[PDB]
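Below, in structure tokens: the form deposited in one PDB entry, a single chain.
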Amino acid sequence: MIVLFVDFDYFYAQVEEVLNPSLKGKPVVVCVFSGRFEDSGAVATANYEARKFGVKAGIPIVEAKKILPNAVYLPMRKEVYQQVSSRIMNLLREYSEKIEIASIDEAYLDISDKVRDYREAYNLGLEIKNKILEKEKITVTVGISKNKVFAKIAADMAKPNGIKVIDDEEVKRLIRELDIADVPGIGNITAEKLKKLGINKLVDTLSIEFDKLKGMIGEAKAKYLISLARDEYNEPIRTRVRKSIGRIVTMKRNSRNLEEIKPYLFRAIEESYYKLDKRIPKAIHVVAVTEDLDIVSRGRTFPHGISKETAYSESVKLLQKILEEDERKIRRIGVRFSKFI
């Protein structure tokens, strides 16, 4: 199999830079502002000038400003980044039938039918980078390899504005010499628990008692890392199909009183429904974040689709349920729809 992975570089920041040419060469930090005290919020993404000084995705805005007091800080404009992204995914589609959109800024393509070898794939990758650059002024990184997992790794190695092939010889090599925390689907929490068993490389997952690795990171990530280590990871590129749609808003001030919490809850419902796109969900979960940032939720599944009005009344009852099984106050309230018809 020949897999071509496409990953847009510092995407949210780069779109901001393309729309606003007076930001290029400056450190740029795209932020999600919570609207509570000023500068309350996290960093969604920052460009590569800003990453050099340690401003990265996930850190609080106030923390970022402890490093780059004079970076440009911009409100996340998700809907804008989504238009651009959609247009770029359409470009990719002219290159292959078999395409898997993995997120707002990555797609895997199966080009086995379109090319005969890795050298032809490289030449297609370049074709793609230039198409995207010409039509959208967006730089991307490309990875090419035997499967999805290693196509992505190849991209994580060549970013930004890069392209890399990991051939059959380097795959064996990489299975030996490559930190396990650079393995897609392995974050701090998993890269942590594995760091205390000695397991520091993929290959290490083969010397440990299975049941122990299992009893350590679950039967999913074990079989996953093992299959990667045996070099027998075989997942096909398939169309991804959104399985849920939701909205979770931060409220002005905390609360534990049902009356202020709507709208948004109610705003969250109306916003989600416009994102539903005449998709009809059969399940609904009301989602609450308390004071200490812990997540509590209650849900219900109907034998039929949920109308917009039904969502309203059923979420209040789901809201009330939460209210009297957790005494603490609500910082953020939202809703989540799933099991579509």
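Heads up: residue numbers just count along the shown sequence, starting at 1. What we label the rigid core is the largest C-alpha set whose atoms superpose within 1.5 Å from one form to the other.
Taking only CA atoms, the mean B-factor in the PDB entry is higher for 196-204 than for the other of 101-109 and 196-204. Taking the PDB entry as given, 317-325 carries the higher mean Cα B factor of the two stretches 317-325 and 7-15. Reading the B-factor column for the CA atoms of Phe53, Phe33, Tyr48, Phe37 in the entry, the top value corresponds to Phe37. Highest CA B-factor among the listed residues (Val142, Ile166, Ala220, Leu92): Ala220. Split the chain's modelled residues into thirds by C-alpha temperature factor. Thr301 is in the lowest one. Among the modelled residues of its chain, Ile59 has a C-alpha B-factor that falls in the middle third according to the deposited record. Compared with the other modelled residues of the chain, the Cα B-factor recorded for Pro75 ranks in the lowest third.
Residue-level temperature factors show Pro263 in the highest third of its chain, judged at the C-alpha atom. Sort the modelled residues of the chain by CA B factor and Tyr224 lands in the middle third.
The following text describes the form deposited in another entry, which does not appear among the structures shown.
Rigid-core fit between the shown form and the other one: of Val316, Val289, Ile67, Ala283, the one residue whose Cα shifts 2 angstroms or more is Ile67.
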